[PDB]
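Take a look at this single chain in structure tokens; it is the form deposited in one PDB entry.
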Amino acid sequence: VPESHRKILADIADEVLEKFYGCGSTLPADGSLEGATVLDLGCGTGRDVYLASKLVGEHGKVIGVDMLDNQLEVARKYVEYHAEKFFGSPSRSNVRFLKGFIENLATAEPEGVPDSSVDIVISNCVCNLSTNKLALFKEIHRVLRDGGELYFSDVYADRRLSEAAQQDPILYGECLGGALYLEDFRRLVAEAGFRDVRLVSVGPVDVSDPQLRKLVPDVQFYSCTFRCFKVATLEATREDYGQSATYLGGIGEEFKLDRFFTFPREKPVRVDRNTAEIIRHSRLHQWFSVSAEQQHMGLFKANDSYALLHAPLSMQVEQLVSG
């Protein structure tokens, strides 16, 4: 748990923390959340929704969605509690909880999530239990505004799992059985409208149980945090238009966009046009200066890892996990 989050979580209601299921949804840099609308898919008792409530502040909004009746009951019980805690009055909540399948946010109760209404969609380990991944990614694309991002952690494989592995109930329940091969994931989210997948962090996921392991013998599983921006002008490729971007400060000493792009305060960093357009059209434009496009110069190479930058997603992940 990040240090900045500890103080906030210490103010969240015991019952919310005690009954919260799963790992916390990882969040973009705290300062970048100010005034944003955040949607947590699979919100449970609302631990992450309440954490985000404080971070987005009074001008931001947070929405949680879940289909677990009894978790949502807990979440809804504490709307006033956390409005008092964070904003000085029980009437000043910026959160709401909706009941629905994450594969159809338009039919959630008591209200659906509108088109183009959300800045950041967050989630942890929800995909591999989804009954329809493509439908889910399409829904996420629909609710995001232009410049918004899906910033999420899930489990992926370095190869395609066998049918036997995909049918196993213990692997299923562990979020392993439903894991996609990283290249299949890339193609699926591209079909949904997400043209550029950025790797934020990656850790290994072990399957040591010998019985289960026999179903996935040489598979390497990874926990990956990706950010996928909805930006109309993105291309499938990372092209050089001679641009630089400079982080202006205000939301940390540096801004780390992904494993390839770190922006020190007030220093220019050369960027490909997709990265430029992400900064310009997303909420990040508030803290950045991005130079004008020049003539196309070909593929972007002005990065100390440019070869990996253009490599398949499996190569980025395997090489960045460690060593």
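Residues carry their position along the shown sequence, with the first being 1.
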Taking the recorded C-alpha temperature factors, which stretch has the higher mean, 226 to 234 or 74 to 82?
74 to 82
Of 165 to 173 vs 91 to 99, the stretch with the larger average CA B-factor in the entry is 91 to 99
Of the residues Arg159, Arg213, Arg187, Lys133, the one carrying the largest Cα B-factor as recorded
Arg213
What's the residue among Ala106, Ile120, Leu182, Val219 with the greatest CA temperature factor in the PDB record?
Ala106
Would you mind checking where the Cα B-factor of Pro28 ranks among the modelled residues of its chain, as the lowest, middle or highest third?
middle
CA B-factor placement of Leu299, once the chain's modelled residues are sorted into thirds:
lowest
Could you tell me which third, lowest, middle or highest, the C-alpha B-factor of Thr246 occupies within its chain?
lowest
Going by the entry, which third of its chain does the Cα temperature factor of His59 land in?
highest
Rank-wise, by C-alpha B-factor, drop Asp40 into the lowest, middle or highest third of its chain.
lowest
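Another form exists, solved in complex with a small molecule; not displayed. Remarks below refer to it.
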Look up in the entry with it bound whether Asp240 has a non-hydrogen atom within 4.5 angstroms of the small molecule, and give yes or no.
no
Should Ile102 be classed as touching the small molecule in the entry with it bound when contacts are defined as heavy atoms within 4.5 Å?
yes
Any chance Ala164 has a heavy atom within 4.5 Å of the small molecule in the entry with it bound?
no
Does any heavy atom of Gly42 come within 4.5 Å of a heavy atom of the small molecule in the entry with it bound?
yes
Assess the spot marked by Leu199, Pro312 and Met315: is the small molecule within 4.5 Å of a heavy atom from every one of these residues in the entry with it bound?
no
Can you tell me which of 255 to 263, 30 to 38, 65 to 73, 292 to 300 lies within 4.5 Å of the small molecule in the entry with it bound, counting heavy atoms only?
65 to 73
Listed residue (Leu212, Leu248, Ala135, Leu129) with a non-hydrogen atom within 4.5 angstroms of the small molecule in the entry with it bound
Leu129
Which one, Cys125, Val207, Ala106, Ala190, lies within 4.5 Å of the small molecule in the entry with it bound by heavy atoms?
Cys125
Just want to know which of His281, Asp119, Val197, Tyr81 is the hinge point between the rigid parts that rotate between the shown form and the other one.
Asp119
By 3 Å or more, the Cα spacing of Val38 and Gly24 differs in the entry with it bound; is it closer or farther than in this view?
farther
Distance trend in the entry with it bound - C-alpha atoms of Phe20 and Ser153, change of 3 Å or more
closer
